[PDB]
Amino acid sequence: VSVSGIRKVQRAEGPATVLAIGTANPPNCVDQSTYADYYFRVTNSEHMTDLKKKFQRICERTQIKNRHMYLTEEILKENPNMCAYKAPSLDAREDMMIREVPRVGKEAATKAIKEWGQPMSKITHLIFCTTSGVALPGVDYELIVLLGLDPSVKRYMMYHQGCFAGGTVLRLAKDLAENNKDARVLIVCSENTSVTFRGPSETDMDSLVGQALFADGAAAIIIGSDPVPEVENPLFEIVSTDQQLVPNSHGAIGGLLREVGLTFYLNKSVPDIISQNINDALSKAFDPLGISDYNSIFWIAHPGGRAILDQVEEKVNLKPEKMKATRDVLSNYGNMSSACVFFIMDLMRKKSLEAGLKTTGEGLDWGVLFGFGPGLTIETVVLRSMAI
């Protein structure tokens, strides 16, 4: 009879906390030092001698050593339209996406659930983030079925978000967990290159670069406020989440869903863009916490490109090591879009534990996580580490 009273007992009390992380990828590993050759071969573009030499340079300075990919040489053969630069292939790509995205996403969820140790039925919210794979019902539905989630789970299907979605899902999860007592959110970010893979064009260089960066992978995260003592194991607390649109940056990063799959472009200026606007976001997120030394906190940055990492580090004046975990993931998995920051988050706490550091954030109390994407969006999440 009292909406005010309901609200008072319905809400959680503490900050949203990362309780478990799980990751998975398609088995197939593609070696970067030989991709230029593999790529130009399966695409039948050997006559583009100059472009090939060019693509080899790209893959070298990419600082990527390995990438997991659902697409095999066999799957490519059965799909000529996908090997071409631009040919009708949206239907075939979406079917692969619709089938693989939920799949790898489930593998990651299972690992997170096992770590978390709580029963399936306790998951109250489901945030599924993926670049594509459009169906109705959507991929979130399939995840529910494959995983066995409760039919009353509140769903949040985030399609075509962009490379910054890692921050998006955390920003959304914060509110879901904090506003509802006992709410336990399952985030599943599953990315797959099936929609973006295509042949080379002497006229579309941006598209050629993406063929060197994107990879496949999924990450599952359990998030909740008020962790149960001894039963649940808090890893990181979400302190604050900001989203910012950098003016005059639409042409920076983007793409369109077409009959020839997902196209995309990447301006050579994104590193400058991100670097010139990065300090305002840091100030907005750390001035309130009285933090001025950005080397005194740990980092987790989207690995959009090596140039980006170099620029930001150079501009903010960050010890090398601050970007080590981030570069480590980029080097072993490549650019898995929204899934990257969680692989880095996972890696950081894993390494911190084995090295005997005092906190999950490389022994430091505060840290920041960044997401970079379309329209040139910047997600800035402040994170508090957890002890031991």
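Throughout, we count residues from 1 along the sequence that is shown.
Student: State which stretch shows the higher mean Cα B factor in the entry: 32-40 or 53-61.
Tutor: Higher mean C-alpha B-factor in the PDB entry: 53-61.
Student: Name the higher of the two by mean Cα B-factor in the PDB entry, 5-13 versus 19-27.
Tutor: Averaging CA B-factors over each stretch, the winner is 5-13.
Student: Reading the B-factor column of the entry, which of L126, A215, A84, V101 has the highest value at its C-alpha atom?
Tutor: The record points to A84.
Student: Which one, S337, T326, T359, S45, has the peak C-alpha temperature factor per the PDB entry?
Tutor: Each of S337, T326, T359, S45 was compared by C-alpha B-factor; the highest is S45.
Student: When the deposited Cα B-factors of this chain's modelled residues are ordered and cut into thirds, is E115 in the lowest, the middle or the highest one?
Tutor: Its C-alpha B-factor, which the entry lists for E115, ranks in the lowest third among residues of this chain.
Student: Splitting the chain's C-alpha B-factors into thirds, which one does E191 fall into?
Tutor: Lowest third.
Student: Which third of the chain does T72 land in by C-alpha B-factor: lowest, middle or highest?
Tutor: It belongs to the highest third of the chain when residues are ordered by C-alpha B-factor.
Student: Looking at the C-alpha B-factor of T168, is it in the lowest, middle or highest third of its chain?
Tutor: Its C-alpha B-factor, which the entry lists for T168, ranks in the lowest third among residues of this chain.
Student: Would you mind ranking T203 by its C-alpha B-factor against the rest of the chain and naming the third, lowest, middle or highest?
Tutor: Highest third, going by the recorded CA B-factors of the chain.
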